[PDB]
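Encoded as structure tokens, the following chain is the form deposited in one PDB entry, with no partner shown.
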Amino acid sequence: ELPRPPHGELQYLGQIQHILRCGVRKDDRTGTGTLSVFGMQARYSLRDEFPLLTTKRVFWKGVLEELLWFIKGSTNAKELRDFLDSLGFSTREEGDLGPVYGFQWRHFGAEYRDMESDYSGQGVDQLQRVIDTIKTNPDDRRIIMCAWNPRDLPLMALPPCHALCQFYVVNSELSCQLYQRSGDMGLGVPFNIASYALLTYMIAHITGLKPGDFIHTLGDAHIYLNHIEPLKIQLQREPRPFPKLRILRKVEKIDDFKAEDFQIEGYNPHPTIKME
């Protein structure tokens, strides 16, 4: 879902508990019920640990592979659902998603042609722009990259982003705040926490900084009715110490990171939970 001292995981569990006791019933787009709270934040340190949640096994290899696909700016689904309605027959066969996802991170606003076209120098590269500013002005308060839900792009002019990520630099540490307009607490939030924390380590590595904190803010923080019973069970589990993330080579540019450059260590989560 990345476009579409007390243990830090206690924040997450406390937020689950708060939505369960205090959330109000509210329908999503499809008319499916949620318990919802408006406005929440949590901070997770990245210093010498990596916030892969331990109360359930998080799909780390999937976090990593989806982020690397976003970074590459891909619109080929094969390299890796109402917006599909706006695609032609021929093109959604072959896996062409149109100008969506990492296309906005790397080529925001470029005239789209096809998923095998050459978009070098076309549109705003938000990602490289973030990295260049970290290097030219670390005090900058504008070090911001947004992601859109693909469904929204042709829906209106100036469509609101889904997520905005702000970076912040001080004492040679890089920190990241991700504000998401809505957050599926059971499924999306853990995956997103790992995803933006991983991006934070990648760019700290290339800019020669140290990871600092990851802050997650959310608008409509919600639990799907279906997820209530498994989440109640996850709450009674005790967090284990966060693992470490180790980058195994010196890497010079963002586009040069490969999935096997990363190693997670000392990850001992509780068993997987399947959320509908």
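Note that residue numbering follows the sequence shown and begins at 1. The term rigid core refers to the maximal set of C-alpha atoms that superpose within 1.5 Å between the two forms.
J.: Compared with other deposited entries of this protein, is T91 missing coordinates in at least a third of those that cover its neighbours?
T.: Per the records, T91 goes unmodelled in at least a third of the other entries.
J.: At a threshold of one third of the other compared entries, does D82 come out as unmodelled?
T.: Looking at the other entries that model residues on either side of it, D82 is missing from at least a third.
J.: How many missing residues of the deposited sequence lie between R4 and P5 in the entry, grouped as none, 1 to 3, 4 to 9, or 10 or more?
T.: The entry has a long gap there, with 10 or more residues left out between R4 and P5.
J.: Which class describes the count of deposited residues lacking coordinates between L87 and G88: none, 1 to 3, 4 to 9, or 10 or more?
T.: The entry has no gap there; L87 and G88 are joined directly.
J.: Using only C-alpha atoms and the B-factors in the entry, which stretch averages higher, 93-101 or 190-198?
T.: Stretch with the greater average CA B-factor: 93-101.
J.: Of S117, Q177, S182, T133, which one's C-alpha B factor is largest in the deposited record?
T.: Each of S117, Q177, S182, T133 was compared by C-alpha B-factor; the highest is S117.
J.: Can you tell me which of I143, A204, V169, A157 has the highest Cα temperature factor in the record?
T.: So the option with the highest C-alpha B-factor is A157.
J.: Once the chain's modelled residues are ordered by C-alpha B factor and cut into thirds, is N226 in the lowest, middle or highest one?
T.: Its C-alpha B-factor belongs to the highest third of this chain's values.
J.: Determine, from the deposited record, the chain-internal third of the Cα B-factor for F70: lowest, middle or highest.
T.: Middle third, going by the recorded CA B-factors of the chain.
J.: What third of the chain, by the recorded C-alpha B-factor, contains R43?
T.: It falls in the bottom third of the chain.
J.: Among all modelled residues of this chain, ranked by Cα B factor, put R25 in the bottom, middle or top third, i.e. lowest, middle or highest.
T.: As the PDB entry reports it, the C-alpha B-factor of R25 lands in the middle third of its chain.
J.: Comparing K210 with the other modelled residues of its chain, is its CA B-factor in the lowest, middle or highest third?
T.: According to the entry, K210 has a C-alpha B-factor in the chain's middle third.
What comes next is about the form deposited in another entry, which is not displayed.
J.: At a threshold of 2 angstroms on the CA positions, core aligned, which residue out of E173, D140, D132, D152 shifts between the shown form and the other one?
T.: Shifted by 2 Å or more: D152 only.
J.: Once the core is aligned, please say if the CA of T91 is shifted by at least 2 angstroms between the shown form and the other one.
T.: After core superposition, the C-alpha of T91 moves 2 Å or more between the shown form and the other one.
J.: Using a superposition on the rigid core, decide whether the Cα position of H162 changes by 2 angstroms or more between the shown form and the other one.
T.: Yes, the C-alpha position differs by at least 2 Å between the shown form and the other one.
J.: Explain in one word, closer or farther, how the Cα atoms of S45 and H162 are placed in the other entry relative to this form, where the distance changes by 3 Å or more.
T.: It is closer: the C-alpha separation of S45 and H162 falls by at least 3 Å in the other entry.
J.: Closer or farther: the CA pair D125/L87 in the other entry, versus this form, with a change of 3 Å or more?
T.: Result: farther.
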